[PDB]
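For reference, the structure discussed in these notes is given below.
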Amino acid sequence: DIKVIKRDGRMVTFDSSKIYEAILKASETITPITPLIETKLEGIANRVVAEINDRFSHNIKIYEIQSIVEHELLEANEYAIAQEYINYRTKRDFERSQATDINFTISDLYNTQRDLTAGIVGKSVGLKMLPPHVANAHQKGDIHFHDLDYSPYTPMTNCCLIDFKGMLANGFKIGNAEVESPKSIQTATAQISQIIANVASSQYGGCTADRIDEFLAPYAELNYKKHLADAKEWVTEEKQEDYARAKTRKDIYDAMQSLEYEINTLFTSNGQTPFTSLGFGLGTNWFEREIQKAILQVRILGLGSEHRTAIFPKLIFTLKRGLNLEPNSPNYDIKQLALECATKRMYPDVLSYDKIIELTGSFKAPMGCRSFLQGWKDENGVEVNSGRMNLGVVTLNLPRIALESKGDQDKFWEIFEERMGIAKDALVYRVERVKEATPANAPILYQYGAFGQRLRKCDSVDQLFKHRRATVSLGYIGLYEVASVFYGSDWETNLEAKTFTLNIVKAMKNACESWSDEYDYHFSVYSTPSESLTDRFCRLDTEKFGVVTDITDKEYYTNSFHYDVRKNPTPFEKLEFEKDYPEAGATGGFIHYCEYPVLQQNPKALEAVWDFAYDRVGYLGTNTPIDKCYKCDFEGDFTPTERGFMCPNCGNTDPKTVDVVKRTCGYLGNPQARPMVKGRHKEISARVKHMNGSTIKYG
Amino acid sequence: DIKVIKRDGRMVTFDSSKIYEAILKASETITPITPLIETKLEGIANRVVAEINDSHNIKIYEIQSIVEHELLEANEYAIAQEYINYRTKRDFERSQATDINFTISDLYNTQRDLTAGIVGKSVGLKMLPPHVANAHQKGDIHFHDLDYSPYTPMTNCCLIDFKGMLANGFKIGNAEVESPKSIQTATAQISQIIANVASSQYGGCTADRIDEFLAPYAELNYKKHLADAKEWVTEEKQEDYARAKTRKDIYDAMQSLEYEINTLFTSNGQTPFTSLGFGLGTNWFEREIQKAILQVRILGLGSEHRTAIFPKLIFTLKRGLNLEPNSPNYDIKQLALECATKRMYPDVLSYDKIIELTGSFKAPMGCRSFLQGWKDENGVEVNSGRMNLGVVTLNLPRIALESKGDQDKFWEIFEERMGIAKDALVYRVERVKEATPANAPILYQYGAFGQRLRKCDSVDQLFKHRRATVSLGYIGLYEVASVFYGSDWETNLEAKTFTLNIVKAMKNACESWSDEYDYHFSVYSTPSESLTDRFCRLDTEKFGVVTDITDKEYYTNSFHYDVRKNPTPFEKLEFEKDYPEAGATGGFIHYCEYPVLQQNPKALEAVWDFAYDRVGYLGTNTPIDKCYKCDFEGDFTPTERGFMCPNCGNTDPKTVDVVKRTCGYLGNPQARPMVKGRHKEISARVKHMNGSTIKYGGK
Ligand SMILES: Nc1ncnc2c1ncn2[C@@H]1O[C@H](COP(=O)(O)OP(=O)(O)OP(=O)(O)O)[C@@H](O)[C@H]1O
Ligand SMILES: Nc1ncnc2c1ncn2[C@@H]1O[C@H](COP(=O)(O)OP(=O)(O)OP(=O)(O)O)[C@@H](O)[C@H]1O
Ligand SMILES: Nc1ncnc2c1ncn2[C@@H]1O[C@H](COP(=O)(O)OP(=O)(O)OP(=O)(O)O)[C@@H](O)[C@H]1O
Ligand SMILES: Nc1ncnc2c1ncn2[C@@H]1O[C@H](COP(=O)(O)OP(=O)(O)OP(=O)(O)O)[C@@H](O)[C@H]1O
Ligand SMILES: Cc1cn([C@H]2C[C@H](O)[C@@H](COP(=O)(O)OP(=O)(O)OP(=O)(O)O)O2)c(=O)[nH]c1=O
Ligand SMILES: Cc1cn([C@H]2C[C@H](O)[C@@H](COP(=O)(O)OP(=O)(O)OP(=O)(O)O)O2)c(=O)[nH]c1=O
Ligand SMILES: [Mg+2]
Ligand SMILES: [Mg+2]
Ligand SMILES: [Mg+2]
Ligand SMILES: [Mg+2]
Ligand SMILES: [Zn+2]
């Protein structure tokens with residue numbers, strides 16, 4: 001009946017076990033278990049709760065709780081405990097409040113240090129600006145806020161899928177100069193790259209060009225018409241048209257080449273390359289087919305004189321039955337080319353047109369690392385898919401919720417509901433803070449139709465995202481460790497644990513549905529990728545809960561809901577087992593990786609896996625061993641070590657001569673020039689092949 | 001011969017006047033000036049110096065203690081305690097510079113650029129040697145761009161060896177790319193190269209003789225077109241066709257470059273300063289490239305044909321090539337003249353005058369920073385591939401005010417400040433030498449500075465033997481001349497001898513320093529980035545209003561003629577030709593304002609020809625403003641903080657186009673309004689040839 005107000009302000013519940021555990025840790029800090037002490041501590045714990053429910057009756061602040069516990073335990077003739085209690089209190093408070101911009105950092109790039117310092121000062125200011133309880137929980141790692149380096153210090157926006165059709169149809173303004181529709185395809189891709197540059201400068205997330213072929217076809221047609229007019233002017237009467245064709249094809253290639261190099265040599269205010277993506281696969285006429293062929297060709301040819309594989313843009317390849325799925329369909333050549341590209345380089349992904357439409361709500365290329373949106377017919381009734389955004393994400397700790405329960409389901413749900421309360425508060429604060437961005441502040445995104453509509457300076461920014469137009473995502477991770485700590489390491493054979501995971505995901509989805517219906521903004525459960533947050537998550541978890549079996553001894557946390565990477569099942573059963581996790585209602589973001597051996601000579605196996613996977617689950621990623629050592633000339637996979645990689649034959653590790661690329665985030669990266677955290681390193685080292693076969697290509 | 005160590009590190013000579021002045025000033029704040037009181041203070045100061053002379057190397061804290069004790073013995077409390085409190089107030093303000101600075105329309109990327117700048121400035125001020133730090137903060141000198149340096153070992157500007165990169169290939173981001181095969185790829189490579197260079201140096205960037213090194217790639221493109229037309233067109237017009245096609249291609253390539261400069265936004269968020277130099281076209285391809293660049297500049301940017309504020313265009317005039325009407329390049333100069341009267345750019349550079357002034361001809365880097373003739377160990381002259389290392393500006397007008405109309409003490413204090421500046425230069429170059437090539441591999445170990453280095457080797461080997469340069473700046477020759485020899489000193493000859501003596505002493509000091517430290521130090525005329533604002537504000541606060549010195553709330557830039565009176569351009573040039581030839585060689589430019597020169601560029605041609613033999617660098621300031629609401633061309637009336645059309649009055653940047661030359665690069669005030677230290681000087685700029693400044697009214 002009584003309720004407790006907290007240092008933060010959350011009307012948390014009241015219990016008697018937590019105080020006991022607190023005194024036990026306090027006593028163990030210096031004194032050993034000492035069964036006498038261990039047993040006597042129950043006595044003064046019960047004395048403390050007796051004091052609180054006899055003296056106070058309704059609303060207790062933390063202040064009096066602290067005073068009562070110290071006053072009562074002092075008389076236990078146990079000064080070696082009270083002093084340590086106050087010691088821990090003061091040391092924490094000092095360490096928590098010693099998080100100001102006075103932080104000292106007294107072989108890397110130059111702009112990266114400046115942006116690192118800017119991010120540090122932004123983090124300090126933001127943590128000083130956040131609401132109390134959410135900030136406290138983030139500091140203890142109960143929930144992981146996202147991108148403190150940019151938000152909420154500034155009204156940033158996470159990731160938006162640009163509407164290039166509106167740009168290239170109506171024109172826009174960049175820097176000092178406005179632009180009119182392009183008159184060719186080379187200029188078209190050039191200004192597409194420029195828009196990518198400016199948008200990525202004015203945000204902190206992804207940049208996805210959806211259905212590039214469909215909106216790039218008319219400009220290729222314009223180029224072909226111009227070339228045909230020139231041919232009529234000069235070329236002979238017998239073979240004009242062919243000329244155009246051939247020349248047009250070359251132009252297409254040229255244009256795409258520019259793109260493949262323009263956004264590869266592009267660094268924002270952050271020294272890190274912005275995360276981008278391209279999508280294609282809905283081509284009917286000749287021009288779209290040629291543009292897809294050109295994109296795949298420039299990808300497979302590689303970059304540089306050393307034929308090094310490319311990292312960006314992210315490439316997807318939508319697959320639609322009756323268009324590019326079967327040998328009879330008039331696109332099998334495009335699928336063959338894309339499949340060869342897949343077996344040679346770790347790209348592209350696939351989009352199951354029919355099943356993604358059925359499950360997600362419509363057909364929308366993965367905006368950013370993995371966040372899919374939701375269908376949204378507009379005011380006029382026409383569905384709009386280009387111009388949406390994502391106001392933010394934030395990870396909510398599942399495994400700590402599980403492991404704090406200590407083998408009880410009933411406690412799990414109440415801690416879950418409380419966390420969700422904190423997550424709701426954080427979500428509301430983030431969207432409200434974003435809602436305070438003047439359009440004139442960043443005209444590239446608002447004032448000139450980046451999000452699909454053009455708004456005057458005097459207008460506000462709510463009109464762009466209201467009525468479930470924008471999305472805010474809430475995130476989860478660890479499903480496997482939750483199920484393992486609750487039902488044992490090997491739980492996939494049984495069904496009760498799987499129903500447990502399905503039920504908890506369903507509860508999350510229902511909570512997001514209620515929130516979305518209440519606040520009018522769309523809220524979706526979203527499988528947050530582990531770029532480097534998994535290392536901080538694991539480190540805080542092992543600092544708080546020690547070392548436990550199979551949950552933390554791996555120094556990393558299994559991303560989202562994927563199978564345990566230590567296990568090696570066939571891909572078929574992997575998709576069969578995972579097909580229901582996002583189907584149940586977790587469609588916010590998903591990515592299924594099936595591990596291969598080197599199939600450059602046998603990409604037919606990859607083809608079979610992709611086909612079978614059409615009806616099971618939409619997204620699909622491929623991990624083929626494609627690294628290479630330039631000095632000794634070797635291709636295949638590299639044996640991981642302790643804090644890097646090395647080629648099994650020699651051992652050269654200098655990135656100047658060895659190209660290794662691993663699917664570290666949802667987007668792959670180079671673990672040689674940008675040494676990531678220890679956790680991702682260990683997790684990559686643990687990944688186990690998922691299809692038996694040869695790996696080494698040429699020693 | 002008594003030595004006193006100053007507060008920080010200076011061993012300045014001792015005097016008794018400053019002691020009186022200090023006591024008099026300490027009396028002024030409360031006690032009003034009266035002959036009795038000032039005579040009392042003089043007696044006290046005489047007592048103080050008597051006590052001082054009552055072993056010869058005294059500290060400063062001792063002097064402060066002495067003055068406190070004697071002022072107390074003078075049986076007056078107000079002045080002494082006020083002096084002490086002024087000392088505490090200043091010291092608290094001297095220490096108030098800490099990251100804690102709270103900065104709690106301003107586009108997203110900026111705010112963090114500004115915060116990083118303030119943090120770097122605070123760290124650098126706390127880092128650099130003490131005495132020059134005090135000199136800088138007190139306004140004695142100005143250290144340039146304290147935000148970027150010496151927090152990071154940056155560099156000012158350079159002539160990137162575009163020839164070396166485009167010949168032997170280079171690595172950018174993740175791709176090691178070899179030489180191009182077409183002019184479009186060549187200019188795309190140039191744009192990417194400069195974009196990635198600008199993220200590794202604070203100051204400007206430039207490329208010289210662009211056509212001269214771009215000719216072979218134009219030839220390659222023409223060869224490819226001819227080969228492809230060998231079988232695809234009739235035998236008679238084949239060659240002709242190629243020509244036409246190649247011409248258009250060249251235009252296209254250059255077009256791309258222009259826009260690819262406008263869309264550059266580094267971590268600073270302000271477009272990097274960038275200059276292009278050409279004019280040595282001999283064969284057909286270089287002529288075509290020059291024509292293309294001039295055409296793409298006159299045609300403007302965007303559908304609104306708004307002028308390009310960037311990049312800088314420098315056109316070199318050579319006798320016997322593009323000067324006489326019979327010369328083989330007069331049409332190129334006609335296009336250049338039309339471009340110069342329709343838009344601000346380009347500027348000029350006489351071959352003979354420049355090669356005589358600074359050894360060997362080379363386009364300036366940055367705003368106006370020039371170089372000196374250099375030869376390497378192999379006796380081969382090279383200009384592209386050498387770099388600057390930043391400037392620090394002196395303050396002549398402060399010295400003039402401190403002289404109190406006395407010539408003899410002026411040179412003593414000037415020598416003192418000169419030594420301070422030497423210490424500053426030495427520290428800056430030493431700090432730069434502490435960098436490592438791996439910091440910015442593009443800028444150092446991939447040809448951007450000429451020689452290609454290795455990781456294991458340092459960078460000093462790229463700077464010794466007077467290859468790099470460390471320029472030292474000056475400002476306000478007119479200010480000191482006006483303070484000394486009256487306001488109207490132009491007709492007088494003695495004052496001219498005096499100011500040229502200042503420049504000569506500066507040159508001699510620079511020459512001695514260069515001979516000693518093995519790095520080419522040079523005199524320099526500082527571009528008014530922000531120096532006018534800060535210098536004028538500090539001088540007005542300290543020395544108060546002075547007629548024709550600070551009442552204009554602006555400081556005359558370098559040696560330039562007075563901006564408040566209008567002589568004929570020919571006589572301006574004949575008066576100004578003495579300054580750079582006398583030794584002011586490190587950087588210069590001669591502004592020459594004209595009315596609307598449309599429908600008659602003959603006056604512009606005449607002044608250019610007249611300025612060939614006299615000076616090296618000259619710029620034109622014809623009014624080019626335009627307003628779109630009422631369709632007006634001409635000039636805009638300055639106002640308290642901006643500009644507007646004299647007919648209607650609209651002033652927003654979205655519909656007006658006002659451009660006025662500041663610090664070399666044009667810049668548009670409506671986009672980014674400069675501080676009110678320059679805006680009061682551009683308003684004070686007076687047309688320098690009679691004629692209408694309007695071109696067309698609207699309604
Ligand atoms: N559920 C609970 N209700 C009330 N008091 C509790 C509960 N759990 C622990 N306590 C008591 O709260 C005391 C305060 O812990 P602490 O000093 O961290 O304060 P706090 O308000 O919890 O601050 P924080 O949120 O930063 O942890 C503990 O020493 C313990 O005795
Ligand atoms: N060595 C120790 N380790 C853990 N806790 C200790 C130790 N020594 C004393 N303590 C006390 O036990 C408390 C346990 O931490 P905490 O504040 O998180 O607990 P709680 O308040 O019950 O948790 P919550 O804040 O989530 O309600 C410390 O805040 C401190 O008061
Ligand atoms: N030329 C001089 N030589 C010696 N003492 C001087 C001279 N000029 C002024 N002083 C005395 O030095 C005293 C100390 O001045 P102040 O408190 O500014 O210290 P400082 O060493 O000059 O520091 P800073 O260099 O930062 O101004 C003055 O009050 C004045 O009496
Ligand atoms: N109102 C006032 N204005 C100026 N100086 C004052 C005032 N009141 C007291 N003073 C004293 O007079 C000093 C004059 O400035 P400062 O100390 O820089 O003189 P200085 O030592 O002669 O110059 P420098 O440090 O450049 O050699 C102040 O630092 C302070 O000690
Ligand atoms: C090269 C380039 C062009 N543009 C813009 C400028 C124009 O508004 C626009 C259309 O450019 P283009 O398609 O080049 O059109 P154009 O009018 O020059 O005609 P042509 O077909 O003869 O070339 O693209 C950019 O915005 N950025 C760039 O980098
Ligand atoms: C388009 C582009 C190319 N490049 C580089 C890649 C290559 O190393 C180099 C030459 O490009 P290209 O001359 O286009 O090379 P290519 O092999 O495609 O030949 P062709 O044009 O005859 O089909 O330019 C950049 O560095 N940046 C760019 O934006
Ligand atoms: Mg607590
Ligand atoms: Mg090519
Ligand atoms: Mg002083
Ligand atoms: Mg064009
Ligand atoms: Zn090897």
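Identifiers in this document derive from the order of the structure tokens: chains are assigned A, B, ..., residues are numbered from 1 separately in each chain, and ligands are numbered from 1 in order of occurrence.
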Could you please write out, as an NGL selection string, every residue of stretch 230-331 of chain A that DSSP assigns to helix (DSSP H, G or I)?
:A and (230-234 or 240-262 or 286-301)
I'd like the neighbourhood of residue B:403 as a ChimeraX atom specification, where a residue qualifies if any of its atoms comes within 12 Å (using only C-alpha atoms), though same-chain residues fewer than 5 positions away should be ignored.
/B:396-398,408-414,480,483-484
Grab the residues selected above and save them as a PDB file, in the first residue's frame with C-alpha atoms.
ATOM      1  CA  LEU B 396      51.273  48.516 -35.722  1.00  0.00           C
ATOM      2  CA  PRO B 397      48.501  50.985 -34.705  1.00  0.00           C
ATOM      3  CA  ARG B 398      48.847  49.963 -31.059  1.00  0.00           C
ATOM      4  CA  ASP B 408      62.525  57.115 -31.238  1.00  0.00           C
ATOM      5  CA  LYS B 409      60.705  54.901 -28.726  1.00  0.00           C
ATOM      6  CA  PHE B 410      58.571  53.504 -31.554  1.00  0.00           C
ATOM      7  CA  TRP B 411      61.413  51.438 -32.982  1.00  0.00           C
ATOM      8  CA  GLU B 412      62.404  50.097 -29.559  1.00  0.00           C
ATOM      9  CA  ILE B 413      58.923  48.823 -28.768  1.00  0.00           C
ATOM     10  CA  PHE B 414      58.646  47.559 -32.351  1.00  0.00           C
ATOM     11  CA  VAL B 480      50.444  54.474 -37.788  1.00  0.00           C
ATOM     12  CA  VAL B 483      48.819  58.962 -36.045  1.00  0.00           C
ATOM     13  CA  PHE B 484      52.313  60.228 -36.778  1.00  0.00           C
TER      14      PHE B 484
END
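The shortest atom-to-atom distance to chain A, with only C-alpha atoms taken into account, belongs to B:258 out of B:490, B:258, B:406, B:515.
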Residues of chain B at most 8 Å from ligand 8: nearest atom pair and distance in Å, only C-alpha atoms and all ligand atoms, as a tab-separated table:
residue	atom	partner	partner_atom_place_in_ligand_line	distance
B:181	CA	ligand 8	1 (Mg)	7.4
B:182	CA	ligand 8	1 (Mg)	8.0
B:185	CA	ligand 8	1 (Mg)	7.4
Atoms kept (C-alpha atoms) for selection, written as a PDB file, in the first residue's frame:
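Result went into selection_31.pdb, see below:
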ATOM      1  CA  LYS B 181      41.431   7.904 -68.699  1.00  0.00           C
ATOM      2  CA  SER B 182      39.124  10.876 -69.352  1.00  0.00           C
ATOM      3  CA  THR B 185      37.242  11.382 -64.316  1.00  0.00           C
TER       4      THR B 185
END
Residues up to 10 Å from ligand 1, counting only C-alpha atoms and all ligand atoms: could you list those as a compact mmCIF listing (two decimals) with C-alpha atoms, in the first residue's frame?
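And here's pocket-v3.txt as it stands now:
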# COMPACT_ATOMS: atom_id res chain seq x y z
CA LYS A 3 4.87 3.81 -2.07
CA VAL A 4 8.42 5.17 -2.31
CA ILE A 5 9.60 8.22 -4.22
CA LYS A 6 13.12 7.74 -5.56
CA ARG A 7 16.14 9.99 -6.07
CA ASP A 8 15.07 10.10 -9.71
CA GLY A 9 11.32 10.48 -9.24
CA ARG A 10 9.99 7.08 -10.26
CA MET A 11 7.24 5.82 -7.96
CA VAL A 12 9.07 2.52 -7.69
CA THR A 13 7.64 -0.27 -5.59
CA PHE A 14 8.82 -1.18 -2.10
CA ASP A 15 10.32 -4.52 -1.06
CA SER A 16 12.46 -6.07 1.67
CA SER A 17 14.75 -8.35 -0.34
CA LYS A 18 16.61 -5.53 -2.08
CA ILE A 19 17.69 -3.89 1.18
CA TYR A 20 18.89 -7.25 2.50
CA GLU A 21 20.99 -7.77 -0.62
CA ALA A 22 22.34 -4.24 -0.26
CA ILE A 23 23.55 -4.84 3.29
CA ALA A 26 28.02 -3.83 2.00
CA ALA A 45 16.95 -5.41 7.76
CA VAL A 48 14.68 -1.11 9.15
CA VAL A 49 11.45 -2.12 7.45
CA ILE A 52 9.69 2.57 8.00
CA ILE A 60 8.87 7.73 1.75
CA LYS A 61 11.74 9.56 0.09
CA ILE A 62 15.15 7.95 -0.30
CA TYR A 63 16.65 10.44 2.18
CA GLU A 64 14.87 9.01 5.21
CA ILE A 65 15.54 5.46 4.02
CA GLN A 66 19.29 6.17 3.99
CA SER A 67 19.14 7.91 7.37
CA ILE A 68 17.13 5.11 8.96
CA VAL A 69 19.33 2.32 7.64
CA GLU A 70 22.56 3.97 8.80
CA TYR A 85 28.10 2.03 3.29
CA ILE A 86 28.78 5.77 3.37
CA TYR A 88 30.27 3.43 -1.37
CA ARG A 89 27.55 6.09 -1.45
CA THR A 90 30.02 8.98 -1.63
CA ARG A 92 29.47 6.44 -6.49
CA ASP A 93 27.98 9.91 -6.27
CA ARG A 96 28.57 9.66 -11.36
CA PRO A 132 16.53 12.43 -14.29
CA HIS A 133 15.38 8.81 -14.21
CA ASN A 136 20.24 7.56 -14.31
CA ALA A 137 19.08 4.28 -15.83
CA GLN A 139 24.26 5.55 -16.59
CA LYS A 140 23.74 2.26 -14.78
Distance limit 10 Å, reference ligand 11, atoms considered: only C-alpha atoms and all ligand atoms. Which residues make the cut? Give them as a CSV table (one decimal) with C-alpha atoms, in the first residue's frame.
chain,number,residue,atom,x,y,z
A,628,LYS,CA,42.7,-11.6,-49.3
A,629,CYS,CA,46.4,-11.1,-48.5
A,630,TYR,CA,48.1,-9.0,-51.2
A,631,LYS,CA,51.8,-9.8,-50.3
A,632,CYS,CA,51.6,-13.7,-50.4
A,633,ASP,CA,48.5,-13.6,-52.7
A,634,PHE,CA,45.8,-15.6,-50.8
A,635,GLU,CA,42.1,-15.5,-50.8
A,638,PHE,CA,41.6,-15.3,-42.0
A,646,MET,CA,46.4,-12.3,-39.9
A,647,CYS,CA,46.6,-14.5,-43.0
A,648,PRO,CA,47.1,-18.2,-42.1
A,649,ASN,CA,50.1,-18.6,-44.6
A,650,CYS,CA,52.3,-15.7,-43.5
A,651,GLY,CA,50.9,-13.2,-40.9
A,652,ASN,CA,51.0,-9.8,-42.5
A,653,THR,CA,48.5,-7.7,-40.5
A,657,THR,CA,48.4,-4.7,-47.9
A,658,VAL,CA,45.6,-7.0,-46.5
A,699,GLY,CA,47.9,-20.3,-50.0
Using only C-alpha atoms and all ligand atoms, determine which residues fall within 9 Å of ligand 6, then list them as number ranges by chain.
A: 250, 253-265, 298, 303-305; B: 169-172, 175-193, 224
With a distance threshold of 6 Å and counting only C-alpha atoms, extract the residues of chain A near chain B and express them as an NGL selection string.
:A and (107-109 or 118 or 175 or 177-179 or 202 or 235 or 265 or 269 or 303-305 or 441-442)
List all protein, DNA and RNA residues that have at least one atom no more than 6 Å from any atom of ligand 3, counting only C-alpha atoms and all ligand atoms, and write them as a count of residues only.
10
Excluding stretch 210-219 of chain B and residues on its chain fewer than 4 positions from it, collect all residues at most 9 Å away from it, counting only C-alpha atoms, and give them as a list in words.
residues 162, 163, 166, 180, 181, 182, 183, 186, 187, 223, 224, 246, 250, 276, 277, 278, 279, 280, 281, 282, 283, 284, 285, 286, 287, 289 and 290 of chain B
Write to file, as a short mmCIF file (atom, residue, chain, number, x, y, z; two decimals), in the first residue's frame, the residues of the selection just made, with C-alpha atoms.
data_model
loop_
_atom_site.label_atom_id
_atom_site.label_comp_id
_atom_site.auth_asym_id
_atom_site.auth_seq_id
_atom_site.Cartn_x
_atom_site.Cartn_y
_atom_site.Cartn_z
CA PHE B 162 48.11 17.71 -58.86
CA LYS B 163 50.55 16.64 -61.57
CA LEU B 166 47.19 12.45 -61.48
CA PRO B 180 42.47 8.58 -65.11
CA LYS B 181 41.43 7.90 -68.70
CA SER B 182 39.12 10.88 -69.35
CA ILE B 183 38.85 14.52 -68.41
CA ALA B 186 40.22 13.73 -64.02
CA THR B 187 38.15 16.62 -62.69
CA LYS B 223 42.00 10.29 -78.86
CA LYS B 224 39.36 7.95 -77.44
CA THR B 246 35.43 16.62 -77.23
CA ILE B 250 35.44 19.45 -71.80
CA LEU B 276 42.23 27.95 -59.36
CA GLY B 277 45.05 29.28 -61.54
CA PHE B 278 45.48 29.11 -65.30
CA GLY B 279 46.52 31.27 -68.23
CA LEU B 280 49.47 29.46 -69.80
CA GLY B 281 47.47 27.82 -72.58
CA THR B 282 49.64 27.18 -75.62
CA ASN B 283 48.11 24.44 -77.79
CA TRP B 284 44.44 23.95 -78.64
CA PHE B 285 43.41 21.83 -75.65
CA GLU B 286 44.56 24.29 -72.99
CA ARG B 287 42.81 27.11 -74.85
CA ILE B 289 39.88 24.30 -71.19
CA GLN B 290 40.37 27.99 -70.38
#
Go through stretch 60-158 of chain B and flag each residue having an atom no more than 10 Å from stretch 368-373 of chain B; for those, report the closest pair of atoms plus their distance in Å to one decimal, using only C-alpha atoms, ordered by chain and rising number, as JSON lines.
{"residue": "B:156", "atom": "CA", "partner": "B:369", "partner_atom": "CA", "distance": 9.7}
{"residue": "B:157", "atom": "CA", "partner": "B:369", "partner_atom": "CA", "distance": 8.4}
{"residue": "B:158", "atom": "CA", "partner": "B:369", "partner_atom": "CA", "distance": 9.6}
Selection file, C-alpha atoms, as an mmCIF file, in the first residue's frame:
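For reference, selection-v6.cif as written:
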data_model
loop_
_atom_site.group_PDB
_atom_site.id
_atom_site.type_symbol
_atom_site.label_atom_id
_atom_site.label_comp_id
_atom_site.auth_asym_id
_atom_site.auth_seq_id
_atom_site.Cartn_x
_atom_site.Cartn_y
_atom_site.Cartn_z
ATOM 1 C CA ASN B 156 47.795 26.695 -43.461
ATOM 2 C CA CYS B 157 47.817 26.220 -47.236
ATOM 3 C CA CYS B 158 49.678 24.586 -50.093
#
As a quick test: using only C-alpha atoms and all ligand atoms, which residues lie no more than 10 Å away from ligand 10? Give them as JSON, numbers by chain.
{"A": [182, 183, 184, 186, 187], "B": [248, 249, 251, 252, 253, 254, 255, 256, 296]}
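In this structure, atom 5 (N, counted along the ligand's line) of ligand 2 sits 11.5 Å away from atom CA of residue A:81.
Of the listed residues (B:551, B:257, B:74, B:299), B:257 comes nearest to ligand 5; the distances count only C-alpha atoms and all ligand atoms.
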A:525, A:174, A:82, A:50 ranked by distance to ligand 5, top pick (using only C-alpha atoms and all ligand atoms):
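Closest residue, counting only C-alpha atoms and all ligand atoms: A:174.
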Can you tell me which residues surround residue A:280 at a distance of at most 8 Å, considering only C-alpha atoms, apart from same-chain residues fewer than 5 positions away, and format the answer as a PDB file with N, CA and C atoms, in the first residue's frame?
ATOM      1  N   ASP A 210      15.850   4.176 -52.172  1.00  0.00           N
ATOM      2  CA  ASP A 210      14.946   3.071 -52.454  1.00  0.00           C
ATOM      3  C   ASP A 210      14.501   3.134 -53.910  1.00  0.00           C
ATOM      4  N   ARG A 211      14.471   1.974 -54.560  1.00  0.00           N
ATOM      5  CA  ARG A 211      14.013   1.842 -55.940  1.00  0.00           C
ATOM      6  C   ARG A 211      14.762   2.808 -56.857  1.00  0.00           C
ATOM      7  N   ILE A 212      16.089   2.663 -56.874  1.00  0.00           N
ATOM      8  CA  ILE A 212      16.918   3.597 -57.625  1.00  0.00           C
ATOM      9  C   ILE A 212      16.634   3.487 -59.118  1.00  0.00           C
ATOM     10  N   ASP A 213      16.389   2.272 -59.605  1.00  0.00           N
ATOM     11  CA  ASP A 213      16.159   2.078 -61.030  1.00  0.00           C
ATOM     12  C   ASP A 213      14.888   2.771 -61.492  1.00  0.00           C
ATOM     13  N   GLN A 292      20.522  -1.854 -63.622  1.00  0.00           N
ATOM     14  CA  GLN A 292      20.836  -2.893 -62.646  1.00  0.00           C
ATOM     15  C   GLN A 292      22.085  -3.661 -63.053  1.00  0.00           C
ATOM     16  N   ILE A 316      21.034  -3.823 -51.662  1.00  0.00           N
ATOM     17  CA  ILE A 316      19.976  -4.811 -51.529  1.00  0.00           C
ATOM     18  C   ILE A 316      19.514  -5.172 -52.931  1.00  0.00           C
ATOM     19  N   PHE A 317      18.892  -6.340 -53.047  1.00  0.00           N
ATOM     20  CA  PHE A 317      18.380  -6.806 -54.334  1.00  0.00           C
ATOM     21  C   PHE A 317      17.019  -7.445 -54.091  1.00  0.00           C
ATOM     22  N   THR A 318      15.962  -6.671 -54.301  1.00  0.00           N
ATOM     23  CA  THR A 318      14.618  -7.182 -54.092  1.00  0.00           C
ATOM     24  C   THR A 318      14.321  -8.311 -55.069  1.00  0.00           C
TER      25      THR A 318
END
